[PDB]
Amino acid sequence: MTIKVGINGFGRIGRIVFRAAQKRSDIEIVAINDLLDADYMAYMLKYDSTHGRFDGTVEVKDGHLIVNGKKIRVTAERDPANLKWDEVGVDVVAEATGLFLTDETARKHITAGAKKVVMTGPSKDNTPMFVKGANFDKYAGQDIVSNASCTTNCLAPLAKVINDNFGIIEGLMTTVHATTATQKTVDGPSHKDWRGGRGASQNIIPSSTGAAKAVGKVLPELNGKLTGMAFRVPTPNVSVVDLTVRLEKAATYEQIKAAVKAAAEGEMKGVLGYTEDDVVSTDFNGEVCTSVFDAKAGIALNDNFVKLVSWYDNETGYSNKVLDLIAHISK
């Protein structure tokens, strides 16, 4: 009904999740933790290069934050066991620091008073992952879950539809992805990912992403049938997937369009979108759907070998689904 949420990590996702929460009445952010002074969090919230100025009022009082007349407890604990979430009545924690993606590390929020935790990234251990449009129904009361990755949220719903209707024998996917915080402005160090340390604005950078393989986990029926890679390009936000699949049942492109459009207007409304316009990436900046099929962009070699294209706002879509998952596990 009215779920109290605590955000750990006020980075890109933390902040977009925060903004999306203002527009929902069933969820309230009541606390934020990060290694930042309240006055600086206020700044990061008020102004955003990609999504413009915060629609609302934000002031600082007594080292805490006041957003639209509500107190938000601001803390700067490095170790999550000290967060004392129960003091501000937190039901669920959105773990968004990118550092606690295992059960033992995330479990600390529960030790600190929170009832459940939602990792805003794919889990490094086998913490179960949930993707709206793919397997929310599979949630089974676990107290710690993952909302997977932004790319998986784009791919899973589309793949599910395609597979349910025509059967995916095998597929390879590519995502042309926007630049992110892990990259560098100019050629710099990235010991675990050499290419990733190259100047982001000057290059097309190949990168790895198990996101395609991870679909196998949220959609068991596709386990071992998909995999892929990514190219990081110089745009600040919004990415796109290029799924190339081989189908069991023959289907004309017109039939595929109809299948997706049906899903978008029906069962997967709000998750999977459909467009026939001449769109470009900026047209999805701010998009809430996690996957928006681009009918005109895709191409079919034949009734059984097709290349499908779907857009996604890697910050906004995912952030909204984090909230959707929080709401879902709180039923």
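In case it trips you up, residue 1 is the first one in the sequence shown, and so on.
Student: Which has higher Cα B-factors on average according to the PDB entry: 142 to 150 or 75 to 83?
Tutor: Of 142 to 150 and 75 to 83, the stretch with the higher C-alpha B-factor average is 75 to 83.
Student: Once you work out the mean C-alpha B-factor for both 105 to 113 and 154 to 162 from the entry, which is higher?
Tutor: Averaging CA B-factors over each stretch, the winner is 105 to 113.
Student: Check the PDB entry and point out which of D34, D48, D283, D277 has the largest C-alpha temperature factor.
Tutor: Highest C-alpha B-factor among the listed options: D34.
Student: For the chain shown, is the CA B-factor of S291 in the lowest, middle or highest third of its modelled residues?
Tutor: Ranked within chain, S291 CA B lands in the lowest tercile.
Student: Can you tell me whether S25 has a C-alpha B-factor in the lowest, middle or highest third compared with the other modelled residues of the same chain?
Tutor: It belongs to the highest third of the chain when residues are ordered by C-alpha B-factor.
Student: C-alpha B factor of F231, ranked within the chain: lowest, middle or highest third?
Tutor: Ranked within chain, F231 CA B lands in the lowest tercile.
Student: Quick check for you: using the entry's CA B-factors within this chain, is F100 in the lowest, middle or highest third?
Tutor: For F100, whose C-alpha B-factor we compare with every modelled residue in the chain, the answer is the highest third.
Student: Considering every modelled residue of the chain and its Cα B-factor in the PDB entry, is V215 in the lowest, middle or highest third?
Tutor: For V215, whose C-alpha B-factor we compare with every modelled residue in the chain, the answer is the middle third.
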